[PDB]
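Take a look at this one chain, the form deposited in one PDB entry, written out in C-alpha cells.
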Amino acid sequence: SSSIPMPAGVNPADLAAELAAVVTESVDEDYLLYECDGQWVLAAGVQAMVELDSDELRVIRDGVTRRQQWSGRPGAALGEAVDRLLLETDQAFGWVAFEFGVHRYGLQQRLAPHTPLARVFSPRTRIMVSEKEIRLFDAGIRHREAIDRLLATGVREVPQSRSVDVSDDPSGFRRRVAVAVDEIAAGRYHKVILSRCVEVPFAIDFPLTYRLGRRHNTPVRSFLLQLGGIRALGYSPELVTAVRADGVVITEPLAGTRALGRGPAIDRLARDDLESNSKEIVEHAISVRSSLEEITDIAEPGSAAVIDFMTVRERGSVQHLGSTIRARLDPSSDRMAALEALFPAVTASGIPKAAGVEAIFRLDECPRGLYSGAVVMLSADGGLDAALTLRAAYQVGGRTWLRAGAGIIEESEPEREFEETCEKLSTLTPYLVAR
C-alpha cells in the first residue's frame, strides 16, 4: 500500500539519507532517520513532542506546551506520555540520554536542574525505504511532490571527505584512566567506561557524512537526525533492547575491542587474539551474566536464553565479542520497564553498574546526553527498538564533535585505552564530509 518500487541501482541508505536531506529542508522541519533490519524509516516533522527532563515532563503539540511534575521511575513517566502519542500515530521516535539510567541506581540527585533525559516525538509523516520499495505513510501533497522531485534527479555524488586529528588529549583522558585504575586497584569497582570528546573544527554535512560512513560500516542500527537544535548521526554497534509485538525481548551486549579494517591477515590476527584473550573473555562472560540478571527482572520465569554466545561482531574500524540474549516479556512488565532493566548498557557504564555510573559522574564530562544513551523507535503494537548511541557525531550550537570511550579494568594502561578510543573514532574520522 502507498508504495513506489525502489529504482534499480539505488541503495536504500543513500536514497533515505537523500530524502532526509532534501525533503525535510524544503519544508524546514525536524526529522529522525532510523535504520532497523533493512528498513530505513524517515520520521519527518514533529506532530507532538515528549520532553522528559530530570525535573519535568513536557508534551508539546500544535504550539501548546503542557507541563507535568513526575515522581518515581523515569520509564513510567516517559512510558505513560509515549503510550498517549501512540493512540494517534503508529510509531514514535527519539533519543534517550545516558542520564535516564541513573535513577535506577539512586543517583538522580547528582543531576543538575533541567537535565534532559529523553526526547520522543510522533512524526507527521513516515517514509520507509528498503531494498525492495519506498512506503509512504501520512504524506501530504507537499511532501509527495518533494519525494517525486528527488526520485526524478537521483542521489547526489558524495564529495571527498576532510580529515581530523584525534591525537590531542585536551580533556586529560589518560590521567582520568589512571585515576580510575587506582580506584579499581583499591576495590571500589571492577570496571568503568570513560570517554573523550574530539572537536571537528569544521561544519559537516550530516546526510552526506551519514551516507559515506554507512558504506564502510556494519552496524546493528544506524541513525541520522535533526531534532530541537541537535544534529546527530551514528552507526550503533549494540542493541540495548528490542521488544517485539509478540512479547519477545532481545538484548545484544558487546565487550572487548580489537582493531578492524587493516587488511585480511592483520584483522585475522586481531580476531584470533580477541577470541582467545582471557581478559576479553572474562569481561564478556561477566557482561552476559549481568544482562541475564537484568532481563530476569522483566521476563516470564525461565524464558531468558543466550541464543548466540561470545562470537566476534565486526563493526567497521573495530571488532568486539558479542552475545544475543532473548526472553519473553512478563505480562506484569512493559517495554519501558524492559528498557529501564537493560539501561544503561554495561558498555556505557561499568561493573558493578551503580559504582560505574557514580564513577562516570566524577571522571567523565557530564551530562553525557546522547552519547552512550540510545536512539529509539517505538510502535503502537507494543514494539520498542533501542540502539546504543556510540560511534556517533553531534552538532549543537555551532559546535561539532565526536566521542569515544573505553572499558577500564585493573590491568588497563592509559596509552592503550587512548589508542582504543582512536580505533573507535576511525568508524567516523575517514568519512567526514565538510558542509
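From 1 onward, residues are counted along the sequence shown. Here, rigid core means the biggest group of C-alpha atoms that superpose within 1.5 Å across both forms.
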| query | finding |
| --- | --- |
| Higher-deviation stretch (C-alpha RMS, rigid core fit) in 5 other deposited structures of this protein, choosing from 63-71 and 40-48 | 63-71 |
| Higher-deviation stretch (C-alpha RMS, rigid core fit) in 5 other deposited structures of this protein, choosing from 300-308 and 103-111 | 300-308 |
| Other entries omitting residue 192, at least a third | no |
| Other entries lacking residue 262, at least a third | yes |
| Between the two ranges 62-70 and 387-395, the one averaging a larger CA B factor in the entry | 62-70 |
| Mean Cα B-factor comparison, 235-243 or 267-275, giving the higher one as deposited | 267-275 |
| From 134, 360, 224, 151, residue of greatest CA B-factor | 151 |
| Of the residues 326, 119, 124, 196, the one carrying the largest Cα B-factor as recorded | 326 |
| Where the record places residue 297 (Cα B-factor, split into thirds across the chain) | highest |
| Position of residue 211 among the chain's modelled residues by C-alpha B-factor, lowest, middle or highest third | lowest |
| Position of residue 18 among the chain's modelled residues by C-alpha B-factor, lowest, middle or highest third | lowest |
| Record-listed C-alpha B factor of residue 320: chain third | middle |
| Ranked against its chain, the third holding the CA B-factor of residue 91 | lowest |
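There is another form of this protein, the form solved in complex with a small molecule, and it is not shown here; the text below is about that form.
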property	result
Listed residue (404, 49, 377, 41) with a non-hydrogen atom within 4.5 angstroms of the small molecule in the bound PDB entry	404
The small molecule: the contacting residue among 81, 111, 193, 336 in the bound PDB entry [heavy atom, 4.5 Å]	193
In the bound PDB entry, segment of 28-36, 52-60, 404-412, 379-387 with a heavy atom within 4.5 Å of the small molecule	404-412
Complete contact of 347, 371 and 424 with the small molecule in the bound PDB entry (any heavy atom, 4.5 Å)	yes
